[PDB]
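Report on one structure; see the data block that follows.
No Cβ is skipped: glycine too gets one built from the backbone with ideal geometry, and neighbour counts run over all protein chains shown. What follows draws every value from the coordinates through simple rules; no lab data is involved.
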Amino acid sequence: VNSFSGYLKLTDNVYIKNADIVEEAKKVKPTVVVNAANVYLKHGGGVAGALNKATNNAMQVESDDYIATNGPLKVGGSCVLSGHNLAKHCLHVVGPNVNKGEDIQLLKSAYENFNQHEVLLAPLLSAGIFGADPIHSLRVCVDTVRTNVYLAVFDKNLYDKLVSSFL
Ligand SMILES: OC[C@@H]1COCCN1c1ncnc2[nH]ccc12
Ligand SMILES: [Cl-]
């Protein structure tokens, strides 16, 4: 039993809700929140910009030190950093950005990072400003993640379509 509330169950391990991931994290304080990161951990917009803003830019400061030490992530890769005031940890995961021409097959690799954590709060990878089809992203999530994932979808209209079209 966990403290996630109001989710629709899609499969044994995948749950979904129309919610602002920032507000969800602040309420639940999960062990792991997933950020929709880029390889430079530049948290300018989308989910990343919103999460970073909620940390008063502490996420960005920590991220800049991480990059200075380690260099950029790989598309499809991840790193674990602090969750600041939002969660114990933040798993920064880089899905392919279609508006950069990146290979959508890397979306499965991106979701595989979730399997290293027993329970996560997460957005749909490569959705929003990363330009992929969110219906496809949900399909890949369900077919790749085996640990317990709670998906927050900000847009109510998109949430209803993902549910109604879910196979
Ligand atoms: O689940 C990811 C969805 C779908 O594509 C990107 C937008 N999404 C968000 N969902 C929930 N909270 C959010 N805060 C900022 C963005 C955002
Ligand atoms: Cl977005």
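If I filter the stretch 32-41 for residues that are surrounded by 21 or more Cβ atoms within 10 Å (Cβ to Cβ) and free of Cβ contacts under 8 Å to residues at least 12 places away in the same chain, do I get at least one hit?
no
Quick grid of which residues meet (1) over 21 Å from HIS117 (Cα atoms); (2) among the aliphatic types (A, V, I, L, M); (3) within 15 Å of ligand 2 (Cβ to nearest atom):
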{"site": "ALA19", "(1), (2), (3)": "yes, yes, yes"}
{"site": "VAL28", "(1), (2), (3)": "no, yes, no"}
{"site": "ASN35", "(1), (2), (3)": "no, no, yes"}
{"site": "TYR40", "(1), (2), (3)": "yes, no, no"}
{"site": "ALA48", "(1), (2), (3)": "no, yes, yes"}
{"site": "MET59", "(1), (2), (3)": "no, yes, no"}
{"site": "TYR66", "(1), (2), (3)": "no, no, no"}
{"site": "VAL75", "(1), (2), (3)": "no, yes, no"}
{"site": "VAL80", "(1), (2), (3)": "no, yes, no"}
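Given the options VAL80, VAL94, name the one that is more than 21 Å from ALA19 (Cα to Cα), surrounded by fewer than 23 Cβ atoms within 10 Å (Cβ to Cβ) and of a type in the set (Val, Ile, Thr).
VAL80
If you go through the stretch 108-126 one residue at a time, do you hit one that is closer than 18 Å to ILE16 by Cβ, basic (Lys, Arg) and either in contact with a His (Cβ under 9 Å, 6 or more places away or on another chain) or surrounded by fewer than 23 Cβ atoms within 10 Å (Cβ to Cβ) (or both)?
Among the residues of the stretch 108-126, not one is closer than 18 Å to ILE16 by Cβ, basic (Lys, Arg) and either in contact with a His (Cβ under 9 Å, 6 or more places away or on another chain) or surrounded by fewer than 23 Cβ atoms within 10 Å (Cβ to Cβ) (or both), which makes the answer no.
Filter the stretch 65-90 for residues that are closer than 22 Å to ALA110 by Cβ and part of a helix (DSSP H, G or I); which is farthest from the chain's Cα centre (by Cα)?
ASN70
Give all pairs with beta carbons closer than 8 Å in which a residue from the stretch 140-167 that is assigned to a helix (DSSP H, G or I) meets a residue that is of a type in the set (S, T, N, Q); count only pairs at least 6 apart in sequence or on separate chains.
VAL142/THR11; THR144/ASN115; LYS156/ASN18; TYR159/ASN18; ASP160/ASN18
Tally the residues that are assigned to a helix (DSSP H, G or I) and more than 9 Å from ligand 1 (Cβ to nearest atom), restricting the search to the stretch 1-59.
Residues flagged as assigned to a helix (DSSP H, G or I) and more than 9 Å from ligand 1 (Cβ to nearest atom) within the stretch 1-59 amount to 9.
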